[PDB]
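1. pasting the structure only:
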Ligand SMILES: O=C(O)C(=O)c1ccccc1
Ligand SMILES: O=C(O)C(=O)c1ccccc1
């Protein structure tokens with residue numbers, strides 16, 4: 001009657017995302033005895049960051065906390081969730097959530113369960129000051145989130161998982177990196193970060209996913225309980241707006257300088273991120289990308305303007 005599901009984190013255990021995950025697992029377990037439990041396996045030391053998506057697809061683990069940016073090896077469509085401009089509660093009402101799950105099911109043998117990070121724009125962080133929206137000469141650490149935009153800004157790019165960013169900065173292998181507004185202190189990157197470029201762009205996606213067979217094997221009661229707890233997790237996404245503000249102030253206090261462009265240049269920079277981001281998605285998966293685009297836009301922005 002009680003099922004135990006094995007869950008891995010693609011992010012380091014000392015980061016904010018695992019700090020959010022563990023109290024939720026604790027609640028699931030405390031309230032789920034006799035019904036459903038989650039066995040947290042650990043972070044990248046258990047399964048490498050870029051392998052967690054495949055581990056879920058193949059059932060080596062039941063569940064993961066991960067970003068689609070880390071499992072483009074399963075399906076390139078996985079990276080598209082950075083382009084959401086409505087929050088997950090609204091995605092559940094407008095068909096976006098179901099559309100995501102349809103693709104994840106078919107192309108990845110994966111059920112898309114919940115989004116536990118949103119309202120976290122991405123930024124360029126760098127040690128080489130710029131005064132225009134261009135990165136010529138710079139070598140920047142990335143995941144797939146940033147590839148299209150940073151290449152369009154003339155950056156050289158190199159892929160690393162989050163746990164190798166500190167080392168890349170320490171060795172001076174990169175001038176900078178992409179990351180959300182929040183979290184740069186968790187793995188001590190502030191030590192080697194001089195600037196953050198504004199504005200931010202896209203919206204970070206960190207979600208829970210599950211092996212599709214394992215999801216289908218749940219009893220109705222187990223699935224209903226899991227769903228209740230998944231919505232409980234998402235209801236706490238109000239945190240992210242607070243965290244963004246605190247982290248922005250924390251960077252200023254730490255002496256990280258904000259690079260700002262004028263109003264027109266800033267507006268065009270964020271527009272460019274979305275234009276090239278969607279153009280890349282469209283090349284990668286025309287039908288899925290086009291469909292997601294119509295479901296991911298703000299209600300106020302989806303028609304003629
Ligand atoms: O820069 C990354 O590693 C990345 O892709 C990501 C995605 C979501 C949240 C934080 C980082
Ligand atoms: O709201 C905060 O002060 C904040 O940034 C934070 C960070 C981690 C846990 C709790 C709060």
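-> Perfect, thanks for sending it. Numbers count the residues shown, from 1 in each chain. Ligands and ions are numbered 1, 2, ... in the order given.
2. how near is residue 175 to residue 143?
-> 17 Å (C-beta to C-beta, to the nearest Å). All C-beta spots, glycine's among them, are computed from the backbone N, C-alpha and C.
3. next one: stretch 119-139 to chain centre, how far?
-> 19 Å (C-alpha atoms, centre = their mean, to the nearest Å).
4. stretch 4-12 now?
-> The answer for stretch 4-12 is 15 Å, by C-alpha atoms, centre = their mean.
5. now it: buried residues?
-> The neighbour-count check on stretch 4-12 (16 or more other C-beta atoms under 10 Å) flags 5-12 as buried.
6. out of the residues you listed, which is nearest to ligand 1?
-> Checking the buried residues of stretch 4-12 against ligand 1 by C-beta to the nearest ligand atom gives residue 11 as the nearest, at 7.3 Å.
7. isn't the closest one up against residue 47?
-> No: look at residue 11 against residue 47 with C-beta atoms under 8 Å: they stay out of range, at 11.6 Å.
8. how about the buried residues of stretch 4-12 in TSV, adding distance to residue 277 and secondary structure?
-> Putting the buried residues of stretch 4-12 into TSV (distance: C-beta to C-beta, whole Å; DSSP: H, G, I helix; E, B strand; the rest coil) gives the following:
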residue	distance to residue 277	secondary structure
5	33	strand
6	33	strand
7	29	strand
8	28	strand
9	26	strand
10	21	coil
11	22	coil
12	26	coil
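9. so which residues on the stretch 101-250 of the chain come close to ligand 1?
-> Residues of the stretch 101-250 of the chain that fall close to ligand 1, judged by C-beta under 6 Å from any ligand atom: 143, 145, 162, 178-180, 204-206.
10. C-terminal to the longest helix along the chain, what's the next element?
-> The residue-count maximum for a helix in the chain (DSSP state H) belongs to helix 263-284. Next along the chain after helix 263-284, taking DSSP states H and E as the criterion, comes helix 286-296.
11. can you name the residues in contact with that following helix?
-> When contacts are defined by C-beta atoms under 8 Å, 6 or more residues apart in numbering, helix 286-296 is touched by residues 77, 80, 83-86, 91, 94-96, 99-100, 103, 278, 281-282, 302.
12. show me which residues of the stretch 201-305 of the chain are close to ligand 2?
-> 242-243, 246.
13. same list, the residues you listed, but as TSV with distance to residue 195 and neighbour count please.
-> Formatted as TSV, those follow (distance: C-beta to C-beta, whole Å; neighbours: other C-beta atoms under 10 Å):
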residue	distance to residue 195	neighbour count
242	24	11
243	21	20
246	19	12
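14. possible to save the residues you listed as TSV with secondary structure?
-> Shown next, in TSV, are these (DSSP: H, G, I helix; E, B strand; the rest coil):
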residue	secondary structure
242	helix
243	helix
246	helix
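15. now for the closest residue to residue 111 other than its chain neighbours, how many residues are close by?
-> Nearest residue to residue 111 in three dimensions, chain neighbours excluded: residue 215, at 4.1 Å (C-beta to C-beta, 6 or more residues apart in numbering). Neighbours of residue 215 under the rule other C-beta atoms under 10 Å: 21.
16. can you spell out which helices and strands pack onto the helix or strand where residue 215 lies?
-> Using DSSP H and E, residue 215 sits within helix 212-217. On a contact count with 3 or more C-beta pairs under 8 Å, 6 or more residues apart in numbering; DSSP states H and E, helix 212-217 meets strand 110-117.
17. elements contacting the strand it packs on?
-> helix 16-31, helix 52-58, helix 88-94, helix 96-108, strand 206-211, helix 212-217, helix 220-235.
18. let's have these in TSV, adding distance to residue 132.
-> Below are these laid out as TSV (distance: least, C-beta to C-beta, whole Å):
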stretch	distance to residue 132
helix 16-31	32
helix 52-58	36
helix 88-94	35
helix 96-108	35
strand 206-211	32
helix 212-217	46
helix 220-235	39
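19. and residue 184, which of those is closest to it?
-> For those, the distance to residue 184 is smallest for helix 16-31, at 10.2 Å, taking C-beta to C-beta.
20. that closest one and ligand 1 in contact?
-> No: Helix 16-31 lies apart from ligand 1 when judged by C-beta under 6 Å from any ligand atom; the minimum separation is 7.2 Å.
21. one more: stretch 277-284?
-> No: using C-beta under 6 Å from any ligand atom, we find that stretch 277-284 stays clear of ligand 1, coming within 12.9 Å at best.
22. one step back: any idea how far the helix holding residue 215 is from the chain center?
-> 24 Å.
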